[PDB]
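Read-outs: derived from the displayed coordinates by stated rules, not from any lab. All Cβ positions, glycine included, derive from the backbone under ideal geometry; neighbour counts span all protein chains shown.
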Ligand SMILES: CC(=O)N[C@H]1[C@H]([C@H](O)[C@H](O)CO)O[C@@](O[C@H]2[C@@H](O)[C@@H](CO)O[C@@H](O[C@H]3[C@H](O)[C@@H](O)[C@H](O)O[C@@H]3CO)[C@@H]2O)(C(=O)O)C[C@@H]1O
Ligand SMILES: [Ca+2]
């Protein structure tokens, strides 16, 4: 030991055909919604943050928060952004978060921002901007805790400093009631490491 993994895996299976059935909590407001969809012969969960917030949350236990802090963690998302912004797939711990905010800019490019930084980074232009990609957030602890962001396995930004936050969920989706955001999710993992 010791390691742990928490996931949503998009599936047609009845027993597990929403995130609610994989231990995640629906956390929409207003007009926000979601539904199982099927795209490339493959299930995806379509998050529809149109006129309301639309996201899913997962609760770590007391020891899991603490283990996450000692040994570090990795959050991987496989998604495709369809429209808008505040696509917020992230982890908060009662005290801090590394928040990447993903979107499509007014030129149609897939950009990423991080809370604590200012500016956007172009991840994909053209028809690439609105296809599936694999996004990794990798948190390395120490007395100098920083994060690294990866896009189909390519270091994009490192030395991302955590920022204060009272929230304490693993979250994915459109974490915003006013910024509309739409994306499809095949996979979410949050893995707590060993040493
Ligand atoms: C990623 C994340 O942390 N998302 C939060 C968001 C964002 O921080 C926010 O959208 C900024 O873009 O806020 C969410 O909560 C807000 C939401 O419940 C709205 C209701 O529309 O209320 C906000 O508080 C209000 C408060 O009611 C007012 O009295 C006061 O003026 O301050 C706020 C006005 O904006 C909540 O903060 C959200 O749902 O968008 C929660 C996300 O998790
Ligand atoms: Ca435990």
When the residues of segment 29-80 are filtered to those that are without any contact (Cβ under 8 Å) to a residue 40 or more places away in the chain and under 27 Å from residue 162 (Cβ atoms), which remaining residue is surrounded by the fewest Cβ atoms within 10 Å (Cβ to Cβ)? 62
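Please determine whether any residue of segment 128-136 is closer than 30 Å to residue 17 by Cα and within 16 Å of ligand 1 (Cβ to nearest atom).
Going residue by residue through segment 128-136, those that are closer than 30 Å to residue 17 by Cα are 128-136.
Of the ones still in play, those that are also within 16 Å of ligand 1 (Cβ to nearest atom) are 135.
Taking every residue of segment 128-136 in turn, at least one turns out to be closer than 30 Å to residue 17 by Cα and within 16 Å of ligand 1 (Cβ to nearest atom).
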Name the strands (runs of 3 or more DSSP E) wholly inside segment 136-185 in which the number of residues that are over 21 Å from residue 85 (Cβ atoms) and away from ligand 2 (no atom under 16 Å from the Cβ) is 1 or more. 146-151, 154-160
If you take the residues of segment 125-139 that are more than 18 Å from residue 185 (Cβ to Cβ) and in contact with a strand residue (DSSP E or B) (Cβ under 6 Å, 6 or more places away or on another chain), which of them is surrounded by the most Cβ atoms within 10 Å (Cβ to Cβ)? 139
Please list, ordered by first then second residue, the pairs with beta carbon atoms under 6 Å, 6 or more apart or interchain, first in segment 155-181 and touching a residue at least 12 places away in the same chain (Cβ under 8 Å) and closer than 16 Å to residue 117 by Cβ, second part of a loop (DSSP other than H, G, I, E, B) and within 10 Å of ligand 1 (Cβ to nearest atom). 163/115
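Restricting attention to segment 81-124, which residues are assigned to a loop (DSSP other than H, G, I, E, B), touching a strand residue (DSSP E or B) at 6+ places or on another chain (Cβ under 8 Å) and buried (at least 18 other Cβ atoms within 10 Å of the Cβ)? Talk me through it step by step, then tell me what you get.
Narrowing segment 81-124 to residues assigned to a loop (DSSP other than H, G, I, E, B): 85-86, 89, 93-95, 99, 105-109, 115-120.
This time we only want the ones that are touching a strand residue (DSSP E or B) at 6+ places or on another chain (Cβ under 8 Å), so: 85-86, 89, 95, 99, 105, 109, 115-117, 119-120.
Of everything in segment 81-124, those that are assigned to a loop (DSSP other than H, G, I, E, B), touching a strand residue (DSSP E or B) at 6+ places or on another chain (Cβ under 8 Å) and buried (at least 18 other Cβ atoms within 10 Å of the Cβ) turn out to be 85, 86, 89, 99, 109, 115.
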Report the residue count in segment 1-16 for those that are surrounded by 13 or more Cβ atoms within 10 Å (Cβ to Cβ) and either within 16 Å of ligand 1 (Cβ to nearest atom) or in contact (Cβ under 8 Å) with a residue 24 or more places away in the chain (or both). 7
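Could you look through segment 186-195, keep only residues that are crowded, with 19+ Cβ neighbours inside 10 Å and away from ligand 2 (no atom under 16 Å from the Cβ), and pick out the one that is farthest from residue 50 (Cα to Cα)?
So in segment 186-195, the residues crowded, with 19+ Cβ neighbours inside 10 Å come out as 186, 188, 190, 192.
Within this subset, residues satisfying the condition of being away from ligand 2 (no atom under 16 Å from the Cβ) are 186, 188.
Values: 186: 20, 188: 22 Å.
Result: 188.
Residues checked against (1) within 16 Å of ligand 2 (Cβ to nearest atom); (2) farther than 15 Å from residue 185 by Cβ; (3) in contact with a helix residue (DSSP H, G or I) (Cβ under 7 Å, 6 or more places away or on another chain); (4) in a helix (DSSP H, G or I):
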| site | (1), (2), (3), (4) |
| --- | --- |
| 15 | no, yes, yes, yes |
| 28 | no, no, no, no |
| 36 | no, no, no, no |
| 48 | no, no, no, no |
| 63 | yes, yes, no, yes |
| 79 | no, no, no, no |
